[PDB]
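One chain is shown next in C-alpha cells, namely the form deposited in one PDB entry.
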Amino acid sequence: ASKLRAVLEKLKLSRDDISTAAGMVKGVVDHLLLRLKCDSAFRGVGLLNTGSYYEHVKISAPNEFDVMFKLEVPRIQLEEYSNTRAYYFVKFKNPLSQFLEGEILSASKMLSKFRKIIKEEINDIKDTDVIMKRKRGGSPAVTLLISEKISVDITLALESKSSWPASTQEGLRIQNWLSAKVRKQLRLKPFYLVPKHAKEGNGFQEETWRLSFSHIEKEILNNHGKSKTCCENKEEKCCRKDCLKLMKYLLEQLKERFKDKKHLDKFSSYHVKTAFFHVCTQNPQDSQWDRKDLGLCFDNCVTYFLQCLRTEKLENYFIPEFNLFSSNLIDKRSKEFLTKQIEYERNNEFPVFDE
C-alpha cells in the first residue's frame, strides 16, 4: 500500500530527462537509418521503437532505449532449427545474396555487416558523442552509448508479412482479456526475425535467427485494458503497468545486491515481462487491477513468478513450447537461488524496496 506507492513515486521518469534523452536518441537513430539505406543490401530499412521506454514501463531513468531496423524480405522461406520452436533458418523461394551460406541467409554474416556499417557511420558523427559498446552477451542488438549516459540497442530485423509460424498457433492467449477480434487483428500483422543464434552445445548455430514480437508486446502494453478507456480517465486508472514496474525493480535491485558473486546473471527484465503478460491472461478483467488493490495485484505477480521458478516453467508468451526457464538456459541452482531471495522479500514485505 503506502510502501509500494512511495517506491512507484521514486521509479517515475523526470519530464526534463525524457525531453533531453528523446531528442538525443531520435537524432542519432534517424541519422544511422538514413546512412544504412545507402548500402544496396539495406535500402528498404525502416524504424520501430520498442522496449520499456516506448511502453512507458522504463524505471528510474530514461537511460536505455530499444529500436528495430526492420527490412522486408518478400518470398521468405522458414525452416525451424532442431525443434527449438523460436529459432529458424531463412531461405528464399538477390539483394541479400552476399549473406548466403549455401541455400541459407546467414544471421552471423548479415549481423557482422550491419554492425560494421553502424560502427563506420557513428565515427563520422562529429556534432555528438556516440560510441559503440563491445559485443557483450547473447543480444541480437548493436549497442551505442550517447553522451556517456544513454544506451541504445539497435537490432536488425527481417520482416515477413506471411502468417506467423505454426509454433505461435497456441500463443498470445488474449481472447478473454483483449478479445478474439484483437487476437485476429494482431496475427494479421508482420512478424520479425532477429539475429539471436540457437544454442549448439558449447557454441551457437551462427546461421540461425529468432522470432521477435516486440511490436505486438508494445501494442498490448499501450492498449492494455478490457475497457478501451482503461487509464484514459481518473475512474479507470488500473495498476497493470505499476505492477510490471515494481517487478522490474524487484529483479534489478536483487541483481545489484548479489553483484559480489553474480548468481542472478541468467535472469533478465524479459523474464518478468513474460511472467507479467501471463498474469494479465489469468486476470483478464480491469477490476482485477484496481489501483486500490495494488498490494494484492503485486502479490499475484510475485506468486506466479515464484511458481515459474519452482516449476522451471516460463513459456514465451507467443511461442508456448519455448520454455525460457529450461535447464538448457538457466541451471536449477540459479532458479532455487532466486526463489529463496524472492520468498524472503515476500515474507518480510520487500525490504530491498527501503532506503
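A residue's number is simply how far along the shown sequence it sits, counting from 1. Think of the rigid core as the biggest set of C-alphas that the two forms share within 1.5 Å after superposition.
Same protein, other form: the form deposited in another entry, not shown, and the subject of what follows.
Only one of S139, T84, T281, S268 has its C-alpha shifted by 2 Å or more between this form and the one not shown once the core is superposed, and that residue is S139.
In a rigid-core overlay of the protein, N316 has its C-alpha displaced by under 2 Å between this form and the one not shown. The rigid-core alignment places the CA of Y53 2 Å or more apart between this form and the one not shown. The Cα-Cα distance between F42 and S52 is shortened by 3 Å or more in that other deposited form relative to the form shown here.
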